[PDB]
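**Student:** generate coordinates for the sequence data below:
(one chain, ligands or ions: 1)
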Amino acid sequence: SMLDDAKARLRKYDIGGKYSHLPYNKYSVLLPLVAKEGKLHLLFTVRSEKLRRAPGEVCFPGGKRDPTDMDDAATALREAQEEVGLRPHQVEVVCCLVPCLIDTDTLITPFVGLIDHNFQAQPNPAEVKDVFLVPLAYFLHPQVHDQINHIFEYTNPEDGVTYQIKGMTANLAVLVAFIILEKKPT
Ligand SMILES: COc1ccc(CC(=O)Nc2cccc(Cl)c2)cc1
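**Tutor:** Numbers count the residues shown, from 1 in each chain. The structure is reproduced below:
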């Protein structure tokens, strides 16, 4: 099946807890995979305009590890619940992808999660201005704009709204698309 195939692919790139004990400032993100209309999608947030870091930017759910978290996956799930109402029974964490090093002292660990088909986002407006889906296949043929760094523009055909996706968030989306969608018979 589509979902068993995606999970099998993802597991081959799992690094597990290999880098998780290193003494960094630690953040986790959840890369949430949603199956709709027979295709996989990634779920993104738009950060609230009143957040201090990166207001109004497109971002995966996530945040800083705190002492309650059993592990880095727990960070991702706790933050996703706070931000978009995703409950732990609604997500299967499949793997941990390559972590992202930033600012010399920070390590961001991405987890891919399969999201239940009955999940509907309940975003906390203090943190999240918007939640939207992008088909995973978009990231194989994105609409690129050069700002010099590359920016993806995705227009939701449901409503004509265009979102800009860039940086780590864009990079991770492409990685997931490659992992899951490469070398597939039609
Ligand atoms: C630069 O390092 C990071 C990048 C992304 C994150 C994930 C994140 O913060 N997500 C979020 C999405 C909407 C609202 C809120 Cl409050 C948070 C954390 C660290």
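**Student:** any idea what whichever residue of the chain sits closest to the ligand is bridged to?
**Tutor:** Taking Cβ to the nearest ligand atom as the measure, the chain has residue 62 as its residue closest to the ligand, at 3.1 Å. Any C-beta I mention is one placed from the backbone N, CA and C, and that applies to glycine too. Residues found in beta-bridge contact with residue 62 (criterion: DSSP bridges) are residue 29.
**Student:** what does the helix or strand containing residue 154 contact?
**Tutor:** Following DSSP states H and E, one finds residue 154 within strand 150-155. In this structure, residues lying in contact with strand 150-155 by Cβ atoms under 8 Å, 6 or more residues apart in numbering are 134, 138-139, 142-145, 161-166, 170, 173.
**Student:** which parts of it are buried?
**Tutor:** By neighbour count with 16 or more other Cβ atoms under 10 Å, strand 150-155 contains the buried residues 151, 152, 154.
**Student:** relative to that strand, what are the paired strands and their orientations?
**Tutor:** Here the strand partners of strand 150-155, with direction, are listed using DSSP bridges: strand 144-146 (antiparallel), strand 162-165 (antiparallel).
**Student:** off-centre distance for it?
**Tutor:** On the basis of Cα atoms, centre = their mean, to the nearest Å, strand 150-155 sits 16 Å off its chain's mean C-alpha point.
**Student:** and if you look at stretch 35-55?
**Tutor:** The mean C-alpha position of stretch 35-55 is separated from the chain mean by 8 Å, Cα atoms, centre = their mean.
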